[PDB]
Amino acid sequence: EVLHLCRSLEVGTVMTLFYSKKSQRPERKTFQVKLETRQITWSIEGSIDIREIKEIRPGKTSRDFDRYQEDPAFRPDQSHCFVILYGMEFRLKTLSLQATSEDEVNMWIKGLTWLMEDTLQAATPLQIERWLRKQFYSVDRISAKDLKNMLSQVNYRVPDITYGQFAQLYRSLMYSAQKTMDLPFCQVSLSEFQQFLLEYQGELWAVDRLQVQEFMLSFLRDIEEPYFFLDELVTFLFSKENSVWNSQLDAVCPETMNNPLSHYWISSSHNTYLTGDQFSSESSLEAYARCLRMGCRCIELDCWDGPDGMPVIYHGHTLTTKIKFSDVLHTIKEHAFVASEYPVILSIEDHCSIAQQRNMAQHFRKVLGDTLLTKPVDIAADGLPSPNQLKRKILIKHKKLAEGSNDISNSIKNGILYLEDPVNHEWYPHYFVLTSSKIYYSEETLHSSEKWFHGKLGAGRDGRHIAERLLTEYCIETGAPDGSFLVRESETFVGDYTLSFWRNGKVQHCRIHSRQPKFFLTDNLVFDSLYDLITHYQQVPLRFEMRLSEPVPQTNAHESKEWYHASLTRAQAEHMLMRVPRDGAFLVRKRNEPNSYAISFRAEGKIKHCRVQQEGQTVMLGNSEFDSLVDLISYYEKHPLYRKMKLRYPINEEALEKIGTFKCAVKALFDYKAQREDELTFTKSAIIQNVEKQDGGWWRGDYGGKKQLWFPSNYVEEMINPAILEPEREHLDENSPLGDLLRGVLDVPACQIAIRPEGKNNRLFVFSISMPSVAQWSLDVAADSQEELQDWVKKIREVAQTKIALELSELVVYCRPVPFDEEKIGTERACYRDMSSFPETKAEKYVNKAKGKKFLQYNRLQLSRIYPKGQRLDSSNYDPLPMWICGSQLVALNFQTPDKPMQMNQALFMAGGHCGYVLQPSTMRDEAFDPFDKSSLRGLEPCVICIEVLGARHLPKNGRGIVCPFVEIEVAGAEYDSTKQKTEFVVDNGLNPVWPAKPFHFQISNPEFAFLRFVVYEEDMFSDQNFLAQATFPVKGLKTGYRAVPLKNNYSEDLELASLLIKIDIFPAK
Ligand SMILES: [Ca+2]
Ligand code: NA
């Protein structure tokens, strides 16, 4: 049926790919489903893993298609286009496709929709097989060296081949690698597995022998009576079918959706339109689609006047992009109820004029129609309606008319300006924020190329011995074929070259003549280049006769790179690097031992050293293997080496001399008597002022009463500009408008400002900040436009000397914002329709031991909305548990951020499959309950959990090496139920590690507000702990016995095959 259709998508459809890259023109390609692996591939140029697909959207609504909405280059059609949104992160990737006919689109939509659901729900062995298929096709047949490299890429350290052999090899390895696990229980019969389910797992259904039979067959899929091989039993222990999570809880229980809305935790998003940070990230319709599909129910719109009478949405007074209110409203309409039938609240932060408010209200009614909530559910009620009563409804939260009528918001100027790096002298962007008192700025925001050409090795018998060594070393160690070769400059015949190749265990040298152009071996053909000559003899033999084969790679290319030092001690490296005022300064130095190097680098004002060993044709950094030092360093110029630090500044003598234009002073190194009338006369140590710097050997400056006269530049030393140095991060406002992004603070009244008319350093619009009381202190700042330069200067200079539309108010039925009045709580004055909102800092004043009970009482009748403080420009999140435990319902989090709070959010709303409403337990909505008084629980049964971490499979990599994994186990809830514990780490294994015996015990007094959290970290070579994977569960949904913990990434998306196996017992039993 649909199966026949899916087989047809294997053939190949030609469709136009609208690339996400704003430069790549739309190209046409042949798209095929690969059912073997459950992928989509196109001409192979690209690949989508179907398990990563989140939405298959008929039509032309994507950024890729939007690039051509006006442009006639291409005309996306509603009818001939669809979008595949897929990925592991909040920001999904998109594959936007235009087909030649409506029937093709419908085919792909229909087929992929089914492959999406089938791939996600597939039995684990099928997932494993598809994983192996994908691994194999990554490398018919493969070599064993390929195999060692392939296993290293999947986090396994290995201390002809066909796929079948590979499959069996993987199978044996996973089982043998974890034999040692304490499993008190070559074939397992349907009766043995049945007893296991009943005796260890507490699976009561299993007493029905036939269900056990069907259970095993649902897992195997491949029949007489079912059984498991031992390796298959262990595979099952790790599988999702054996998950610690009771999937029953995934379904909504209508009976728990009948309390008033104030009794529910409600999945809530802060500034939903944003995809990244609060200052410059892109606003996107996709963020609304993403949040609503994650189960979010309360989303936020920041409305500002748009250009044509309709509001746009962006973060006011920042560089975040704008999107149209109309487009947002249609996105909401399309996605609000895909994941849940339950009501959506629109929190409107309205900055619009009355006229554009009026258009909003009109558009709300036109677009949403009956979906919009315009009347109260029950004018006689004494409390908010239930989620069940508001199904399929959208509520407007907006400030409402009475009848008949220090962050970047409180900021003078915000923007991106460029500062000049004092080490590499490039311009980099930084966030700048001017307040009424200060500037805050943030942290940064032909043959030569060939492998066989080794250049000049030596100048006598030197070069020949070196060439022989390199070639012998290579051939023996790698078992290289005869004809493996390299080329060098001839030591004997100037201008000529010498070829060395392997033959019968021995090296052969052949002179390559160079003449003018003609290159030729003796008595052989002539060629126009040395490249052509070698390219020729790699295809046909030279005269024995030997065809050239494998090029010997250069292992010593580092010797000429600027960061390499062949002779340099540890202390000498530290002295050089402590002179560089930026982290990321680095160098490589050879050590006294053979085959030993050290990377020395500056991080956090301190120098650190890590060793690198040469091992054959490769280098080792920890367990991370690279082809050479040059490749190692190149990798860590593009990927962090230490914490978040990349290798940035190669440090040698020249770099240190250049570490370094407004009223600059220089010190004279020697006397100079003016040789000409326009030249300056001075003595050694004279300070020359107002210097005008210029290449050519001559600068201009003032001294001895003479103004702007010339002098040799090599006669002076530049006085340091203290502004290049790093501000003292020790003492440095922790809650500036930039939050943790802060780098520097300027006391504006103590500064002067001036525009440089000439610009500077290939920037046109530049001003200089100075401080009259700190000579030589100056900061050159570039802006992107003269207009921005002008606005910045006058605002800085000035600091240094110093109605609601009824049509819209009508739509606010519930969620009516009023000022919080503590004294109305619990009185007849409290109104169930009125609500208040709390920045996270004000909220902490009510969710503490003193006021928390009073806040619970408030929240039983009325909604409160919590949102992050303004200083979280990075879009970090606050801990939501202290708010939830005082009954707060709308605890708004930045959904784009993969931090722990959002992992707790998606964990909490697992109860009900992310419908977005979780009924608060009865014990909390009781008069006695107090989140900071364990005694308020009365006679609630507590919970004791005993856990042992036995092993893991398919742990994700973190960079190039092999993870050394350890697992942290946390219970999260009230303060009195919260604690953490952790295993030891395992050495060099993420694919199938097992852990020592370490029984953990957790005790939970309030199991109704409690989460069990597993975080897998690595212990890296610097002894830092780096996140690898994660799984957080509500305690109520936990099963017992030997259970799998399926792992997720930091965005709470499922990782392929990654899981722990634990022994988990819960008391009292139930
Ligand atoms: Ca807002
Ligand atoms: Na167009």
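Residues take their numbers from the sequence shown, with the count starting at 1. Atoms considered below: every heavy atom in the structure, side chains included; atoms not considered: hydrogens, waters and symmetry mates. Order of listing sets the numbers, starting from 1, for every ligand and every atom in it.
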Could you tell me whether the Na ion (ligand 2) has an N, O or S atom of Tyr68 under 3.0 Å away?
->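 So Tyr68 does bind the Na ion (ligand 2) by this criterion.
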Would you say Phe74 reaches the Na ion (ligand 2) with an N/O/S atom under 3.0 Å?
->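 Short answer: yes, at least one N, O or S atom is under the cut-off.
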For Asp302 and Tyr314, does a side-chain donor sit closer than 3.5 Å to a side-chain acceptor?
->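 Distance-only check fails for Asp302 and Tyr314.
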How about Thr897 and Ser875: does a side-chain donor come under 3.5 Å of a side-chain acceptor?
-> no
Can an N, O or S atom be found in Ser347 less than 3.0 Å away from the Ca ion (ligand 1)?
->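 Not a single backbone or side-chain N, O or S atom of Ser347 is under 3.0 Å from the Ca ion (ligand 1).
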Atom name in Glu349, limited to N/O/S, at shortest distance from the Ca ion (ligand 1) =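 Closest N, O or S atom of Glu349 to the Ca ion (ligand 1): OE2.
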To the nearest 10°, how many degrees is the angle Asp302 OD2 to the Ca ion (ligand 1) to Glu300 OE2?
-> 130°
Are more than 12 heavy atoms from other residues, nucleotides or ligands located less than 6.0 Å from atom CZ of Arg392?
-> yes
State whether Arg293 and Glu334 are salt-bridged, where the test is any N-O pair (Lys NZ or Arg NE/NH1/NH2 against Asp/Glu carboxylate O) under 4.0 Å.
->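 Here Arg293 does not pair with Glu334 in a salt bridge, since their nearest N and O are not under 4.0 Å apart.
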Which atom, among the N/O/S set of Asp71, is closest to the Na ion (ligand 2)?
->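 Closest to the Na ion (ligand 2) among those atoms: O.
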Cationic tip of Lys413 above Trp792 ring, under 6.0 Å, 45° of axis |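 Yes, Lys413 and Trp792 form such a contact.
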